[PDB]
Structures are given as C-alpha cells and as structure tokens.
**Q** 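Before anything else, here's the structure in question.
Within every chain, numbering begins at 1; the chains are lettered A, B, ... in the order of the sequence lines, protein sequences first and strands thereafter.
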Amino acid sequence: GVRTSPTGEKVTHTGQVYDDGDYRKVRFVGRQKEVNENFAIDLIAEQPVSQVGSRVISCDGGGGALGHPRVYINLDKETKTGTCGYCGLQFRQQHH
Amino acid sequence: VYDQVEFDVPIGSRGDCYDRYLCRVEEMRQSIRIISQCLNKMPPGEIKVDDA
Amino acid sequence: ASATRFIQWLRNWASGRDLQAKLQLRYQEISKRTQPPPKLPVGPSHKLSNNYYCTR
Amino acid sequence: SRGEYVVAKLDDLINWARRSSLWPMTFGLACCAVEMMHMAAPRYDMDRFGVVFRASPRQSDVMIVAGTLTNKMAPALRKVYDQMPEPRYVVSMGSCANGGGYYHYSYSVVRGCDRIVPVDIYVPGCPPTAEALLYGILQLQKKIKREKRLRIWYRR
Amino acid sequence: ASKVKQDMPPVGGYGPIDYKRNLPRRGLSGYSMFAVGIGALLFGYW
Amino acid sequence: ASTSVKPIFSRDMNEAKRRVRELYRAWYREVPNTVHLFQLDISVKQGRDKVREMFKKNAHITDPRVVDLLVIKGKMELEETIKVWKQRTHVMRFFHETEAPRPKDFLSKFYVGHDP
Amino acid sequence: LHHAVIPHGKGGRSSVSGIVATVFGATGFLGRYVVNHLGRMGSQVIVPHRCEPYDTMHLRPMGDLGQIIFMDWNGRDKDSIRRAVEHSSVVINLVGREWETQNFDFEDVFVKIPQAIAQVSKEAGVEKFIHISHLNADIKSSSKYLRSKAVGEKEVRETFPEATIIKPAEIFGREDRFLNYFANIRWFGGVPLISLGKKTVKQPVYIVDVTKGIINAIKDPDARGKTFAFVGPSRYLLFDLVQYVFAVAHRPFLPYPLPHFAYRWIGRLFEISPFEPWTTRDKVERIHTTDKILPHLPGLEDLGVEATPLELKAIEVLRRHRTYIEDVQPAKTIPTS
Amino acid sequence: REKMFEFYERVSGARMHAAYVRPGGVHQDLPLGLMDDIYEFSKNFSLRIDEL
Amino acid sequence: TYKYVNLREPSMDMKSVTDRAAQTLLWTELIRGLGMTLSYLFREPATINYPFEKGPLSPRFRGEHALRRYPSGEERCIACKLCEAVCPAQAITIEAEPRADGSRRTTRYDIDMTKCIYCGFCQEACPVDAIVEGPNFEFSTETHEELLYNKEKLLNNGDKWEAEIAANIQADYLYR
Amino acid sequence: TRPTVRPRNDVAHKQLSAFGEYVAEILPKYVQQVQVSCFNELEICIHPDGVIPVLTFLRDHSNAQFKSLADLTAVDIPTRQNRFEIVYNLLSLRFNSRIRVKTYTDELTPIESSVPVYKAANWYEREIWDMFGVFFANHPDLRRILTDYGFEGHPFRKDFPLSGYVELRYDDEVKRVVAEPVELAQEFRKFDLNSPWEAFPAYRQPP
Amino acid sequence: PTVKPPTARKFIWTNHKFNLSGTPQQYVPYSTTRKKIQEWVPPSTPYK
Ligand SMILES: CCCCCCCCCCCCCCCCCC(=O)OC[C@H](COP(=O)(O)OCCN)OC(=O)CCCCCCCCCCCCCCCCC
Ligand SMILES: CCCCCCCCCCCCCCCCCC(=O)OC[C@H](COP(=O)(O)OCCN)OC(=O)CCCCCCCCCCCCCCCCC
Ligand SMILES: NC(=O)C1=CN([C@@H]2O[C@H](COP(=O)(O)OP(=O)(O)OC[C@H]3O[C@@H](n4cnc5c(N)ncnc54)[C@H](OP(=O)(O)O)[C@@H]3O)[C@@H](O)[C@H]2O)C=CC1
Ligand code: SF4
Ligand code: SF4
Ligand code: SF4
Ligand SMILES: [Zn+2]
C-alpha cells in the first residue's frame, strides 16, 4: 500500500519517489502529489484461490464480452496455482 | 446509394449571389426529401465490410 | 406547449402559420433515453463452410 | 470601520462588476469557433450571463483562442492581445490552442498559444462541447471573484 | 433464439415529410391597400 | 548530353551575375525605407551589412540555374518587404537577436555537449 | 551534481540548464529580464510573489511547461522564505522599492528583507547567492535609499560570505524609471535641475547588460564572494543626458535652475500620492548623486559582457514618448579616465 | 444545428468530429430509437426553412 | 432532374403592377418580416438553465479519459500498447515491466490531454476495456501542466467515475 | 456478386483504354505512356514540354472537352532522377469523364505554367512552388501562398523534417515574436510498421 | 440512481470531488518511472 519515504513523500504503486536531493519535488510545494491508494498488487492478492475439478480451466475475467480474451489455464503442477495472465485470478485443481 | 434516391438539382439563372442563395436554400429542402427516403429504405444487416 | 390560447393565436397570426403543430422545442415525442438492448446481425462471411477467404 | 473591511467590500464590488460583465473577443481560428458559436446560440445563450456575443477588441475583457494557432498567425494574435485594455484574460479553447493538439508536430503550428500570450483558463476537448466552454467561462468568473487587488494594495 | 434487433423504420414506413416551399398569401390587393390609405388621409384631412 | 539542360532565366553565369547585381541594388536601396517603415532599432548600416552577408554566403555558386533560383527567391523576399506583407518580426528574423552565441571551438563544444 | 541537474540539450526552451533559481522580486523591472534569461535556457525558476497572481502573468510564457513555479511569500515571514529557497541552487535578491510606504520603509526592503533571505538561504544550504545593491551605496549619502543600500550590502556579506554582490549604476530600458523619468518631466512645463544639471555625472547601464552579467555570475565559479560594479561605457553630465533624452523624444527642452531646497518640496508634494509617486525628495537626491568610480571592483567585462552604449538603445526606450532625419546629436561624453 | 449535433453524438459520441464514416463502412450501428428522432426533426424542419 | 430557382417573369397587367407598387410604397413585405420576429418574441426560448440544467448526452459520449479495474480491483491494463500505437495524436506514452508478483503492468501511462483529439480510438483498440473515455467534460484547468495526466491521475479518474462508466458500457457494449 | 468485393466495370475500362490510345495517336510528340487502372482511371504520362499542347488539346478538342481542372499537385519521389511528379486531374462535363495527366521535373528545371489553359491553375501552381519548390515559367504572380513569410525550405519534400527546423515564441526582452531552432519536449516517435511478409503478389517486382 | 443504483465496488470513491483546479489540491504531473541509469559510487576511503 501507500508507504512514505524518509522525506515524507508518498511512494507510488510503481515505486516512484523523489529522493532527498531531487529539486523536482519543489513542484509539490503548496500543492500535492497525486497518488492512487488502491494498489492493484495488494487487491488481487486478497482474492481467494478457486478450487476446480479439472486439469484445464478457462478464464474470461467475468462479465462475458466485458472481460478479457478467454484463456485456458493448465493446472497440472501441484506446487503452484494457475494464474490468469490477464486478470490475475488464481485456480487450483482439487484432489489431483 | 445516391442513384436510389429521388431529388432535384436547383439551378440558377443569373449567376449572382442571390441565385446562389436560392440554390442553397432549395438544396436544404432536397436534403430533407432525401432524408425522408433514407429513413424509409434503411435496410437491415451489418454496418461494416465482413472482411476482418 | 404551455402558451395560452391568446398568445397562441397572436403568434400564429403574426407568423401566418399554425406554429403549434410543429413546435421547434421537443416534448414527449422523442424516444426514450433508455432502450432495450440490441441484437445486431452478422455479415455474409459468417459461415462455417464454403467460406474460404481466397474466394472473397 | 477598519481599512481592511472597506477594502474588502470594495474588492467584492469591482470583482462582481468585472465578472458579471465579461465581454469576449473570440479569436475564431478553426473548428473550435463553431462550438463557441453554439455557446452563443439559443440553447446556452452566453449573453444571459452578461457575456456579450460579438464585442470589439477595443472593449473586450477576455480573449478566447478557439482553434489552431499557426506560425503565420502568431504575430497577429500577439498584436490583438497587446491592444486589449486591462484587466484582460485569455481562455485557451481546445487541444490545438492548449498544446498543438492533432497538429502538435507540424512545422507550421505553434505548440500551444501559451507560448505567445499568458493563458488563464485551459478548456480541453477537440472541440470542447459548447457546455464545456461555458463551464470554462464560469470558471474564469470564479477566478475573477477570488481576486484581491485592493487587499494587496492596502498591505503594500 | 433471440431475433435480430436493430434500428429500423416502423412497419409501413414513416408518415409524409413536407419539404416544398410554403410562403402563404396574405393581405389585400394593391387596389384595396391604396384605397384604405387614401381613405385614411381624407378622413384625417376632413 | 545529360549536361544539356533547360535554363531558368540565364544561359550562363555572366547573364546570371547581371541579375544578381540588379537584385543587390534593389535590396541596397530598400533598406532605408525598411528601417523607417518597420521602425526598426537597427541602423541602415546594420541592415546593409546583413544584405551583404546574405549575398556573400552564396558567392561560391557556379551553376547559372542555381543562381537563377537564388535571385528568384531573393526577389520574392524583397517584394514581401516592400509591400509590407512581412511584419517587423519577419524582418528581424535575419538578426537572431534572442539566440545566444553557440560556441565554435572544439573545447567549448566539448564542455557543453556531444555535438561536433 | 545530482542526476537531475546535469545540463542537457542545446540551450533552448526545452533544454535543462541545471540551474534551479529562486528569484525574489521577479515581478519588477529587473526581475522580468532575469526570469526571461533563465527561462530561455531551460532553468527551473521559483518566483515568490507578494502581488496579485494577475500581476505575474507576463512571466508565465517565459519557460517551458513546469519550469516557472509561483509561490506566495511575505518579506517578514521566514518560513515563506524557507519554502521558496530550500530546493534551489542559487538565490537572487532583486527586492527593492524607490519609495517608502506605511508598511515598508527603506530599512525593511534594503536591510531586513535581504538579511532574512540571506540567512535562510545559508541555513537551507543554498550554494550561490546574488544580491543587487547600488553603485552609489554609501552611509554618508543624503539619499536614505542609498544609505540603506550600504547597510544592507554589509549585512549580506556578513550573513552569506560567499555572496555575489552586484552594484549597478542607474539602469535604462523599456520599463526603466530613468529615461522614462526624464521623458515624463516634460509632462509638466518646468524641467528643474539642481544647479543646471551640472556637477552631476552619470554612467547609466543597459538593462540587458545587467541581466547578462547576473546570469554569467551564476555560471562563474570565480564570481562567488566578490562585489561587482555594473556601469555603462560612457559618463555623461546630467544636463547633457536630459537634453539628449528630449532630443530623441522630439520634445522641446526648457532647462531652468533650482537648488535642493526648492527641489525637495516638489519631491514632498508628490510623496503624498497613495501610489508610485512621480517623484520624491529621495529620487531627486539619487538622480543628482554623481556616479562613483570604483576601479578596485570588477565590472561587466570581467564577466564577458560588453557594456551597451546608451546611444544605441535610447530610441528603443523613448520611441513611445514621441508626439507622433535622425540628426539625434549624440550627447557629449566626459573624457574617459 | 444543435439538434443535429445530437444525432452526431448519439452515433459517434462526439458532436462534430465523429470519425464515424470509415473505409469499409461505419464504426457502429445506429442506436435504437435514433431513426424515430431523426424523423421527428425532419418533420418540422421545412417550417424552419420557411421562416428563414 | 432539375428545377429553376429564379426564372419567373412577372405579369404586367394593372392588377399585378399595382400590387407590386403597393409593396414598394407600403413596405408590405418588410412588415411581413416584422411579423415573424414578433411571433418569436412570444415563443418560449430554447435556453436551458446551465449549470442547474444540462444538455442531453448519450452513453457513447467521448469525454475525460480513465483507467479501469476488474471487480477484484486488479488493473485491467496489461500494457499491450495497442492504445499507444493507434493514438492518432501520439498523446499516449507507456512504459512497462514485470510487477513484483510477475504480472504484466505499466509503470508509465501518460496522456497529454492537450495533444489528444478525443477520438476514442484508444478505447476501441484496447482488448480488455482498460482505457475509456468517460462522460466527464467539465475538467478545464488554470494551468497547462494540469492537463498532462499520468497514471495516478488516470487511475483516480477510473475510481472516481467507475459507477457511471460501467453503466454506460453496459448500455453500449452490444453495439461494439 | 461477392458482397465484400468491389465490382468491376469493364465497359468503362474499354472506353477509357480506347480514348487513351486516341490521345496517344494524336500527340505522339509528347505522350510517353498511357495506362488505365483496375478501378478505371486513365493516366496520360507526357514529356514536360507537352504541358501546354496536351492540356490545350484535352480542353478544346471536340471529342475531349476537359473544361474543368479539378486539381493540380505534385508528388516527391527522391529515388527518381526527376524527383517531382506533376499531376493534373481534369474533368469533362460533356462526356462525364475524368483524366489524369502526369509529367516530371527536378529541382532546377522549370515547368511551363498552365494558367493560359486553366485559370484555376494560378493558385495550384503557387502551392506547388511553395510546398515543393518547383518553379513555373511565365506564371503571372508566383510566390508563397501557404507558408509563413520568409519561411525557408519546401516542407512537402520527403527530406524536409516533419517538425521543421525553427519554431516561434513571444520574447518579452525584444517585445516581439521570435524564431528559434526547434526543440521538442517530447520527440515524435517513429514507428516501424511494415510487415516483413509480402502482402500483394500481383505487384511483386523482379529481384 | 434511487431506482437503478450503481453497482458497488470496494475501490470506487465514497466521496466525490469537484474540480480542484486552482487550489492546493490541484493535480501536479510527474514522471511515474524510477531512475534508469545507476551511477558509480566512489569508495568512501582513501586509496592508501
Ligand atoms: C388624396 C391624395 C392625397 C395626396 C397624398 C397621397 C399620398 C399617398 C400615396 C403615396 C404613399 C407614400 C408612401 C410613403 C413611404 C415612402 C415610400 C418609399 O419611398 O419606399 C420605397 C423605398 C425604395 O424602395 P426600393 O424597392 O428599394 O426601390 C425603389 C426605387 N427604385 O424603400 C423604402 O423606403 C423601404 C423602407 C426602408 C427601411 C426599411 C426598414 C424599416 C421597415 C420597418 C418600418 C415599419 C413601419 C414604420 C412606421 C412608423 C410609423 C410611426
Ligand atoms: C416590440 C413589439 C411591440 C409589439 C407588441 C405586440 C403588439 C403587436 C402589434 C404590431 C403589429 C404588426 C405586427 C404584425 C405584422 C405582420 C402582419 C403581416 O405579415 O402582414 C403582411 C401583409 C401582406 O404582405 P404581402 O404578403 O407582401 O402582400 C402583398 C400584396 N398583398 O402586409 C400588409 O398587409 C401590411 C399592411 C400595412 C401597411 C402599412 C404601411 C405602413 C403605414 C404606416 C402607418 C403606421 C400606423 C401605426 C403606427 C403606430 C400608431 C398606432
Ligand atoms: N532599476 C535601477 O535603476 C536600479 C535598481 N537596483 C536594484 O535592483 C533591484 C530591482 O530593481 P527594480 O527591479 O527596478 O525594482 P522594481 O521596483 O522594478 O521591482 C521591485 C521588486 O521588489 C518587490 N518588492 C518591493 N517591495 C517589496 C516588499 N516590501 N516585499 C516583497 N517584495 C517587494 C516588487 O514586488 P511587487 O511587484 O509585489 O511590488 C518587485 O518585484 C532593487 O533592489 C533595486 O534597488 C540597483 C541599481 C539601480
Ligand atoms: S482543438 Fe480540435 S476542434 Fe478545435 S480547432 Fe483544433 S482540431 Fe479543430
Ligand atoms: S482519444 Fe484519440 S487522441 Fe485521445 S488518447 Fe485516445 S486515441 Fe489518442
Ligand atoms: S490501456 Fe488497453 S490498449 Fe492501452 S496498453 Fe493498457 S491494455 Fe493495452
Ligand atoms: Zn482472467
């Protein structure tokens, strides 16, 4: 989420932050640094893993044509989940 | 599909500003006449060529 | 649409026309701003056979 | 009966008059001028806000730059600005005037009218809708309302 | 199956749309107008 | 042959040179009016030296057709000035008053950037 | 050098000069030229201003996007000074006023404010400090303006020892209060002169020359800790200068003598105005102060600037004062040292 | 004109620079209810021309 | 087929000549023009009471840009750069890299709203409905710099306007 | 026929071909090549000396009567010795037909002004001179028409940079608009879009 | 929306904001990427 640097400036979800000697932080004096506080990396991690009963599952992101291109995810490895390359949802084969 | 709609071309006689003004005003009436045919004769189907 | 009959008569006479039958302001004759969803047709190339691209 | 109070109320009066009687000089350069004309047209009727439609540059208080500013045209735009009596404000209307827009990379186009004149309001769009321009004009009115010319004078 | 639904003219088309010029005739003849005007002068003179 | 070409105005350099001198005289006499008409802050001497500098930079040409086009362009430039189609900004663009002097020696270029 | 202040580009509007300058007093005569020269080469310019934002609009076109930053400040608030300097590498003090107001006198503008800026800049770690003083600064001067200049100059040198102090002569230019001052004396029939404009020698300097000298001082490691005198090339008698000014403005020149006592009441009489006075006692005392010759100090040539002759630029300034052959008649110059 | 700008906006999402006609056809099909509104506009337009 | 707009020869009998003389002297056709402007005086004006009333728009309206998310809150944009390639004005600037969790995501997504022509090509090109032009058109600013949107600004616009953006997409996606 | 394929018009193709031969038979002194496109457009390629004679014949001949000059422009092709292609597009109302006449020139070879034939050509030739630097002999008033006064170069040449060499801003020190070398806060981004696979075999060129 | 409320999302703003231009809350642009070239840091000790 939004942490702060020693100078007090917020760190963006891309890791950007002016360091101590960077004059460019003068642009924020009397104004503000726009930062989006909903870090997508943290939000996708909150989602639970779907347990499915097949070796291959498909994801379109939900909402049909309002989602992403439909992709098929292999679930043979049991040492990791299958992750959707588009939306980051995770799937795991139950039993096998 | 302009060869499937009916309209008249207004023609001037003196080639001055007034006749050109009359032609433009009459062309507006013909456009309404054409729009009337487009509304009635609008066909169904796809709206862009089916060649991806 | 809300003009009194006297004002309606006055402006009809002044303009020489029956303005009330063709008001330039829109009331309830316009289409709803919410519509049922469409279902658009597909073109002639949506076929499962006899549809080789080299023929079209 | 402090001087701060009187200066404060006199500021409000002159600010009220100036924002309530804004006379624009529209520099209709290209497409954006059409939307500017739709802001004067009946639906939005800019005149009802006290913003007279067609005012001469001699009496204008605000210049609206509505369209692409080319290099060949830049000197003439600066000349009109220099001849505007004060207080004078500039509204930059549309992508071309804001920063070059579609023609930003052209050899013949000034990349934003703010290279030529100081700009008070930037209205985005290509073109901005007539309502968007009106929103921007009303934004300029509130900017004038915030002015503190006499308060600053009193504290000099 | 859901039928195709797209914007189309209503069954039977739309009603007639006027487009020809219509500038109606009004007023009196030239004789009548000049008669009224001359009659006004005479009554005023009298 | 491929060296047998269509002329513009001059059939050889001597004919071309006459046109150059006629253009130079026209520019030389125009400068006092230009300084007055555009109310420039340069002297007539500065304007005439600028005219001479512009003619000198093209002194190495030996192709009459190239010289013809230089004179054609120079005359268009003169007409723009005489007719007052130019504004004062256009006239003053020959003098680059707002451009700082770029360094010319090797060391000075070395200190500022990468360009030769 | 931090990686953001390494110069890049070719010195134009979109380049990076590596200069981050806080310019106090940027909204005045000298400030507008300084900001323009910083903006041309792609510097980051911080402009603290006391005035209305509307009064700073002419500065906005001088820099590429984001290169001119505006802040509010108050000369008596050291926190507003700190916010404006703490990111800068150079601070330029152009704050000054030719008259005293109820809220600020010559001690405030020329002593207290410059010392506050210098002290805060030193604490903030600012590397370079450029302070504009006056050629004729002197604690024995009859002009209170010039006496405060002398005191303020001494305090800045104590507070910020590595400061660059520039001591210019009267500056002429389009927005000057020098040539325009003399031109506007014509707006009244009388043209008074202490003595007859004699016993006063002036060495005025062109505004752009001062600006280039300031800019070159920012870039010159040698200039740190020094005091410069910026003067024009030619010394003139105040009577000849004013006579030349009227000649260029195509005005009828009517001299008439006056002593200081009768020249102080006219100064007082216009000091009553609640705005910029047309003239004041102090302005007259400064105008009739002979320009010091200070050969122990470096000048424009030490910074690689050629002083611009007044005759080459008088028309530029005074053309607007004309009523509607260019004999001009160059003014007589005192023989060079 | 303001009402015809609405037809532009309802098919393209822009009042003027629609970018709607493209090589191959048009970008999108007409929204449901648009032709009825064009009919209502066209029905009264010739009266507007007469007033002009 | 063609028609003549002005090829009528006036009749030259007393009745007609005197009708035209009456028009000339009694200004009748000028009076008729006065009647038309008087009729308009008594018509209701077409003016709406902005900003309390607003001009009608449609779900297709192309306004201020915004970056969208999936219902989970994950960003939709997977840094394909189709939007940046198609942008007719070159108004989009994108940089990308693997995110900490390995996801393909942008580290820069800038739109110069003063280069943008508001054509909507970017939202047509986007394969995942990440970039859209929302319904907001009231975002004029006092400085040029405020119209140079970076990714933070655009994600904030998405979070700000998603309620309306989603409903507008729901209303038009079957036409797309 | 195929709903997505443009239909061919073989009658017009034959008519235009026959008229193209007709023109080439009558003006052999100038006509270098005649071709008809697959979408039925006739192009007459001529030696530049034939501008006035060919255009005059096409305007005035009873079986031609190309009274209208629809458009006149140039194309810059740097790989050719004569880099500039001059294109005249003519319209015949009598025969409801169009024709294109093309010739060529280099940077130093004048072309004869067609203003005597079509007074429409006056401004079109000024535009070609302004944008391409092609000189037209005996033009009544040849000068720039689209570029700024004093502008240097011809910006529609393929080797003139898109953003030019100079740009304008107002300078407060000199109180006027000034010109300075172009610097861009964001450089224009060149995209390489061409596929490395051939798209149209019918247009393949010998190795 | 009293009849057809919007779909709820955890990330949608619960507090709408008006146009913040000209205030201390105004947007200020900045580059969102990290430094690309790392410079060599000299050792903090003398050679010898
Ligand atoms: C018994 C016998 C007694 C003897 C006396 C008998 C006399 C009666 C018979 C004579 C009638 C006289 C009429 C008086 C009006 C003057 C007529 C006139 O001059 O108008 C013609 C003028 C030129 O018309 P035009 O067609 O352009 O060219 C003709 C020349 N080649 O064109 C014009 O002037 C048109 C007007 C131009 C201005 C247009 C803008 C104003 C129009 C709106 C005005 C509304 C009415 C104003 C009434 C106000 C009353 C207070
Ligand atoms: C701010 C607005 C104030 C108003 C508030 C509301 C009240 C409205 C009262 C205004 C009355 C005028 C408005 C109506 C005018 C429209 C009527 C009309 O269009 O009539 C047209 C008529 C026919 O013209 P046309 O088609 O050319 O026919 C030619 C051959 N027949 O043409 C005619 O027949 C014209 C006949 C009249 C000709 C008279 C010539 C002028 C004589 C001047 C006398 C003026 C007397 C009135 C002055 C006021 C004193 C009471
Ligand atoms: N011009 C000359 O002939 C000479 C000038 N100098 C010195 O150069 C410097 C500037 O000259 P110039 O530019 O002509 O002076 P100006 O009067 O033209 O501008 C003065 C600047 O100081 C600011 N200022 C004045 N008083 C205050 C204050 N009390 N609090 C905050 N800011 C204030 C003004 O801001 P605002 O606009 O808000 O009032 C303005 O920006 C001064 O120090 C002057 O003494 C030296 C020698 C000669
Ligand atoms: S911003 Fe768009 S609508 Fe406005 S002038 Fe430029 S291209 Fe035309
Ligand atoms: S709307 Fe058009 S111009 Fe604007 S960012 Fe999208 S593709 Fe580019
Ligand atoms: S916004 Fe859409 S088109 Fe653009 S880079 Fe992201 S996923 Fe690709
Ligand atoms: Zn998915």
Side-chain angles (χ1 to χ4, degrees), chain A residues 38 40 43 59-70 86-87 89, chain B residues 47, chain C residues 32-40, chain E residues 5-7, chain H residues 9-14 18-20 26-34, chain I residues 56-78 80 82-83 86-87 92 109 111 116 118-139 149 154-176, chain K residues 1 3-13 16:
Chain A
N38 298 310
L43 289 165
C59 183
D60 65 6
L66 296 180
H68 58 68
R70 183 203 300 147
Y86 279 101
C87 70
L89 291 177
Chain B
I47 48 70
Chain C
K32 266 51 179 58
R33 310 299 292 183
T34 282
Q35 299 280 327
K39 183 136 197 308
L40 304 183
Chain E
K5 196 196 204 148
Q6 71 194 130
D7 210 22
Chain H
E9 190 278 319
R10 284 162 70 175
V11 305
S12 70
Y20 180 70
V26 297
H27 176 51
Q28 284 183 275
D29 200 356
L30 310 173
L32 291 164
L34 180 62
Chain I
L57 297 173
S58 79
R60 301 187 183 181
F61 177 74
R62 313 200 295 255
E64 194 185 25
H65 292 73
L67 284 168
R68 296 181 69 238
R69 301 170 186 273
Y70 293 104
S72 69
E74 170 65 88
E75 293 166 35
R76 280 170 174 271
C77 176
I78 44 58
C80 77
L82 267 46
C83 64
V86 80
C87 179
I92 306 177
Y109 194 103
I111 302 184
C116 174
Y118 302 82
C119 73
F121 285 11
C122 44
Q123 81 186 346
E124 303 164 15
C126 185
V128 294
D129 306 18
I131 186 66
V132 299
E133 277 201 76
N136 190 29
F137 58 90
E138 289 159 330
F139 58 108
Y149 289 1
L154 287 162
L155 280 177
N156 276 344
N157 279 343
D159 298 337
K160 177 176 180 189
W161 290 98
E162 176 60 18
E164 186 171 4
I165 290 164
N168 281 335
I169 286 164
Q170 179 60 36
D172 200 66
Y173 83 106
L174 295 175
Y175 297 99
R176 297 176 181 176
Chain K
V3 168
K4 296 283 224 296
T7 304
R9 307 292 188 197
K10 54 163 78 173
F11 53 81
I12 287 166
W13 289 8
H16 179 67

**Q** Side chains of A:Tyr86 and A:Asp60, heavy atoms from C-beta outward: is any pair under 4.5 Å?
**A** no
**Q** Show your working on salt bridge (charged side-chain N to carboxylate O under 4.0 Å, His left out) between K:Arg9 and I:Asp159 and close with a plain yes or no.
**A** CA-CA 9 Å; K:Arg9 307 292 188 197; I:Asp159 298 337; over 6 Å; no
**Q** Can you measure from CG (H:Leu32) to NZ (C:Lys39) and round to the nearest 0.5 angstrom?
**A** 13.0 Å
**Q** More than 12 heavy atoms of other residues, nucleotides or ligands under 6.0 Å from CZ of A:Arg70: is that the case?
**A** no
**Q** Flag the pair I:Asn157 / I:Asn136 as yes when at least one side-chain heavy-atom distance between them is below 4.5 Å, and no otherwise.
**A** no
**Q** Apply side-chain contact (heavy atoms from CB on, under 4.5 Å) to residues I:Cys116 and I:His65 and explain how you reach the verdict.
**A** CA-CA 10 Å; I:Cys116 174; I:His65 292 73; 3.3 Å; yes
**Q** Would you give the length of the straight line joining atom CG of H:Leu30 to atom CZ of H:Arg10, rounded to the nearest 0.5 angstrom?
**A** 10.0 Å
**Q** So, I:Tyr109 side chain and I:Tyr149 main chain: donor-acceptor pair closer than 3.5 Å or not?
**A** no
**Q** With a 4.5 Å heavy-atom cut-off, do I:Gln170 and A:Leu66 have their side chains touching?
**A** yes
**Q** Closest approach of A:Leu43 and I:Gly73, non-hydrogen atoms and distance?
**A** CD1-O, 3.6 Å
**Q** Closer than 3.5 angstrom, by distance alone: can the side chain of I:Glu133 be matched with the main-chain N or O of I:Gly120 as a donor-acceptor pair?
**A** yes
**Q** Please find the pair of heavy atoms, one from I:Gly158 and one from I:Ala66, that lie closest to each other, and give the distance.
**A** N-CB, 3.6 Å
**Q** Donor-acceptor check, side chain of I:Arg68 to backbone of I:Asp129, threshold 3.5 angstrom: yes or no?
**A** yes
**Q** Testing the basics here: between C:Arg33 and I:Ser58, what is the closest heavy-atom pair and its distance to 0.1 Å?
**A** NH2-N, 4.4 Å
**Q** Is there a side-chain contact between I:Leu57 and I:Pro135, using heavy atoms and a 4.5 Å cut-off?
**A** no
**Q** Just how far is it from atom CD of H:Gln28 to atom CG of I:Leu174, taken to the nearest 0.5 Å?
**A** 11.0 Å
**Q** Check whether any side-chain heavy atom of A:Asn38 sits under 4.5 Å from a side-chain heavy atom of K:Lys10, and report yes or no.
**A** no
**Q** Taking atom CD of I:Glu162 and atom CD1 of K:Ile12, what is their separation to the nearest 0.5 Å?
**A** 5.5 Å
**Q** Kindly say whether I:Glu74 contributes a backbone atom to a donor-acceptor pair with the side chain of I:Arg69 at under 3.5 angstrom?
**A** no
**Q** Which heavy-atom pair separates E:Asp7 from H:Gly33 by the least distance, and what is that distance?
**A** OD1-N, 3.2 Å
**Q** If you look at every heavy atom in H:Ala19 and I:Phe121, which pair is closest and at what distance?
**A** CB-CE1, 4.1 Å
**Q** Please report the C-alpha distance between I:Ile111 and I:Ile131 in whole Å, then the side-chain angles of each, then the deciding distance to 0.1 Å, and finally whether the side-chain contact (heavy atoms from CB on, under 4.5 Å) criterion is met.
**A** CA-CA 11 Å; I:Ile111 302 184; I:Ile131 186 66; 4.1 Å; yes
**Q** Is any side-chain heavy atom of H:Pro31 closer than 4.5 Å to one of H:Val11?
**A** yes
**Q** State, to 0.1 Å, how close I:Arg60 and H:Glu9 come at their nearest heavy-atom pair, and which atoms those are.
**A** C-OE2, 4.2 Å
**Q** Would you mind reporting whether I:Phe137 and I:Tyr118 have side-chain heavy atoms less than 4.5 Å apart?
**A** no
**Q** Please verify the inter-ring angle class for I:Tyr70 with A:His68; under 30° counts as parallel, over 60° as perpendicular, anything in between as tilted.
**A** perpendicular
**Q** Checking I:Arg62 side chain against I:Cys119 main chain: does a donor-acceptor pair fall under 3.5 Å?
**A** yes
**Q** Report yes if the side chains of I:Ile92 and I:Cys122 come closer than 4.5 Å at any heavy-atom pair, otherwise no.
**A** yes
